[PDB]
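Engineer: sequence first, structure after; it's an experimental one.
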Amino acid sequence: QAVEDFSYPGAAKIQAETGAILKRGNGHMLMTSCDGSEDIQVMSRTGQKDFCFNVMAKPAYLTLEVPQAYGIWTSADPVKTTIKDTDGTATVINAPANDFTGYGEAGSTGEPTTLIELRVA
Amino acid sequence: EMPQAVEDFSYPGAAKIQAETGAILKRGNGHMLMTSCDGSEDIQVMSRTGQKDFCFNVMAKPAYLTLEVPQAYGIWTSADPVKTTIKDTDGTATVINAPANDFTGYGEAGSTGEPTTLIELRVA
Amino acid sequence: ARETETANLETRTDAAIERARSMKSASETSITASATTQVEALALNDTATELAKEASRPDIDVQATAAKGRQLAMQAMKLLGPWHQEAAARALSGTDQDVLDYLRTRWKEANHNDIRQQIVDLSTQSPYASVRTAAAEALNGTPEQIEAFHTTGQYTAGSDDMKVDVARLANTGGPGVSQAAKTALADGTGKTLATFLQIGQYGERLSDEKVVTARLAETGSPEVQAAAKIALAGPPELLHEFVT
Amino acid sequence: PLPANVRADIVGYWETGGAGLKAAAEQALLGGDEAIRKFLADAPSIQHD
């Protein structure tokens, strides 16, 4: 059936190729390459090390999961990021536009946290 | 073909200084020279750019040199009052009168915290 | 009483500035001399390469080569480490044909032995577990693998750990350190990251520290004042200790 | 004639001797047999200096 379920298209292939997995979103965030088209960039020590996302419209969100994430680059927009610790506790970090911030591992706690939700203002 | 031997008051070697120290110089009355910092200190300028710092020597008074040094934060004086003009990021310029034989700061390490630029260094 | 305290503070401070002045100059002199020695050592290796080519050149001359080779060995015993010192002494104590051989092969062997030397050092000294392990593996491989690790492999192996360390500095150091860390991180090259963490970040903290001290020197309390001015006047070591 | 290991002994002096003997050793080590004979002839006096 040609019905939109808001499940990330091609997520099955991405899991196999990049190691990252994706779930549900509002459809305005796409995974792409990091080659002169950078928008929101995520850096971890797993999978294929890194990958970029492109914002099609605002507001937007995509509940992707990236284990052992350590930092994010932003551009032309504030980014709201939710991460979770190994004890199941989640917290929210607000990253400013056009700058770099870190997570647990490269943050203040040193914890190997997981990316739970990436949201566009 | 040979150039005219006329003094235009343009700082000699300024082109090489820009390449080596990162500082740039323009016009002055010729009585201030850029030199090394090695026991010959007179007026010293500290910044977070270029080669970190450099010294100037006064040949005669009064003297001035309209040099430009981005992101300056501190100045040392010796045996003379120093009149310094700095400019903010909004284009507004102000003047700080530094006492002899002492140390003063600029915006960045001063009262405003602003990353100001050195515009003019003048000898009393 | 207040005037007396001020006068006494100023007197002591001025004396301290002059002493601090002297120490800074002395430090710079030693640094320059050290850098000069390193340059000569590097130049010596380039000279050895050219001599190695001539000696083995099929059409050799007459002891002329050995004479130059003996001079090379003499310099090696002054500028280079133990691996070259031993090879050089052996060549110098022998005949022209041994100096012939020294230039052709063991000069190169001495360099190889030194490289293997630091592969061994990395296996225990490196802060990165991936580098320590990979170095230990490279050590037991072929000569090519030993040198390959030294040249690029150690930067690749520790790449993941270095990126984390740089990211940390980016979000805690001052303007200088943060500015530089972000640049190194954005680039991502293992060599770039290593350069910043090994030496680059140290130049940057000194910059950040001078700004902090400069402020205290002007807007702080009297005794703080004096201490800050002395710290600026003296060597980097005094600046660091003052701020901390 | 010189000892087969005469150069080795001179290197020894170069490593442990004073400035005089060391400099003299360099001439013997860099030069030929004549430089060695000259060094050995003077070495007993150079050490004294």
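Structural biologist: That came through fine. Numbers count the residues shown, from 1 in each chain, chains lettered A, B, ... in the order given.

Engineer: ok, the longest helix seen in chain C near chain D or not?
Structural biologist: As assigned by DSSP state H, the longest helix anywhere in chain C is helix C:2-56. No. Judged by CB under 8 Å from any CB of the partner chain, helix C:2-56 makes no contact with chain D; its nearest approach is 14.5 Å. Just so you know, the C-beta spots here come from the backbone N, C-alpha and C atoms, and that holds for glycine as well.

Engineer: tell me how many other residues surround residue 10.
Structural biologist: No chain in the question, so chain A it is. As a burial measure, residue A:10 scores 11 neighbours (other CB atoms under 10 Å in any protein chain shown).

Engineer: you answered for a different chain; I wanted chain D.
Structural biologist: Per other CB under 10 Å, the neighbour tally for residue D:10 reads 25.

Engineer: ok, back up a step: tell me the helix or strand right after the longest helix of chain C.
Structural biologist: Next helix or strand after helix C:2-56 toward the C-terminus (DSSP states H and E): helix C:64-79.

Engineer: helices or strands up against that next one?
Structural biologist: helix C:2-56, helix C:82-92, helix C:96-101, helix D:19-30 (3 or more CB pairs under 8 Å, 6 or more residues apart in numbering or on different chains; DSSP states H and E).

Engineer: and residue A:101, what element?
Structural biologist: Here residue A:101 is assigned to strand A:100-102, by DSSP H and E.

Engineer: center of chain D - which residue?
Structural biologist: Centroid-nearest residue in chain D: residue D:25, 3.6 Å away (criterion: CA atoms, centre = their mean).

Engineer: any idea how far the closest residue to that one other than its chain neighbours is from residue D:26?
Structural biologist: In space, and not counting its chain neighbours, residue D:25 is closest to residue D:14: 3.9 Å by CB to CB, 6 or more residues apart in numbering or on different chains. Applying CB to CB, to the nearest Å, the value for residue D:14 to residue D:26 is 7 Å.

Engineer: thinking again about what came up before, the longest helix of chain C packs against which elements?
Structural biologist: helix C:64-79, helix C:107-125, helix C:222-233, helix C:236-243.

Engineer: just give me how far that helix sits from the chain centre.
Structural biologist: Mean C-alpha position of helix C:2-56 versus that of the full chain (CA atoms, centre = their mean, to the nearest Å) differs by 14 Å.

Engineer: next one: stretch C:40-57
Structural biologist: That offset, for stretch C:40-57, works out to 23 Å (CA atoms, centre = their mean).

Engineer: again, but for stretch C:50-62
Structural biologist: Here stretch C:50-62 is found 34 Å from its chain centre; the criterion is CA atoms, centre = their mean.

Engineer: buried stuff in that stretch?
Structural biologist: Using 16 or more other CB atoms under 10 Å in any protein chain shown as the test for burial, stretch C:50-62 gives C:51-52, C:54-55.

Engineer: end to end on that stretch, go ahead and measure it.
Structural biologist: 17 Å (CA to CA, to the nearest Å).

Engineer: who's in contact with residue 11?
Structural biologist: Using chain A here. Taking CB atoms under 8 Å, 6 or more residues apart in numbering or on different chains as the contact definition, residue A:11 lies against A:21-23.

Engineer: hm, I was asking about chain D
Structural biologist: Residue D:11 makes contact with C:89, C:92-93, D:25, D:29, according to CB under 8 Å, 6+ apart.

Engineer: coming back round to it: how far off helix C:236-243 does the longest helix of chain C point, in degrees?
Structural biologist: Note on geometry: by axes from the mean of the first three to the mean of the last three CA atoms, to 10 degrees, helix C:2-56 and helix C:236-243 are set 140 degrees apart in direction.

Engineer: hey, what's residue A:21 bridged with?
Structural biologist: Judged by DSSP bridges, the bridge partners of residue A:21 are residue A:65.

Engineer: do you know how far the residue in chain D positioned nearest to chain B is from residue D:26?
Structural biologist: Nearest residue of chain D to chain B: residue D:19, at 30.5 Å (CB to the nearest CB). Distance of residue D:19 to residue D:26, computed by CB to CB: 11 Å.

Engineer: higher neighbour count, those two?
Structural biologist: Taking neighbours as other CB under 10 Å, residue D:19 and residue D:26 compare with residue D:26 leading, 18 against 9.

Engineer: ok, and the most crowded of the contacts of residue D:11?
Structural biologist: Within the contacts of residue D:11, neighbour counts (other CB under 10 Å) peak at residue C:92, which reaches 26 neighbours.

Engineer: ok so, going back, I'd guessed the residue nearest to the centre of chain D sits against residue D:16; true?
Structural biologist: No. Look at residue D:25 against residue D:16 with CB atoms under 8 Å: they stay out of range, at 10.1 Å.

Engineer: assign a three-state SS to the residue in chain D that chain A sits nearest to, would you?
Structural biologist: Residue of chain D nearest chain A, by CB to the nearest CB: residue D:15 (51.3 Å). Judged by DSSP: H, G, I helix; E, B strand; the rest coil, the three-state class of residue D:15 is helix.

Engineer: roughly how far does it sit from residue B:95?
Structural biologist: Applying CB to CB to residue D:15 and residue B:95 gives a distance of 66 Å.

Engineer: what's the longest helix in chain D?
Structural biologist: In chain D, assigned by DSSP H, the helix with the most residues is helix D:33-46.

Engineer: sorry, back to before: the buried residues of stretch C:50-62: which two are farthest apart?
Structural biologist: Largest separation among those by CB to CB: C:52 and C:54, giving 7.5 Å.

Engineer: residue contacts, residue 8?
Structural biologist: With no chain named, the answer covers chain A. Going by CB under 8 Å, 6+ apart, residue A:8 touches A:14, A:22-25, A:31, A:62, A:64.

Engineer: hmm, no, I was thinking of chain D.
Structural biologist: Applying CB under 8 Å, 6+ apart to residue D:8 gives the contacts residue C:93.

Engineer: give me the element it is part of.
Structural biologist: Counting by DSSP H and E, the element that carries residue D:8 is helix D:6-16.

Engineer: just the buried ones from the contacts of residue A:8?
Structural biologist: Buried members of these, counted by 16+ other CB under 10 Å: A:14, A:22, A:25, A:31, A:62, A:64.

Engineer: need phi/psi at the residue nearest the centre of chain C.
Structural biologist: When CA atoms, centre = their mean is applied to chain C, the residue found nearest the centroid is residue C:199 (8.0 Å). Main-chain dihedrals, residue C:199, degrees, to the nearest 10: phi -130, psi -40.

Engineer: no more questions from me, cheers.
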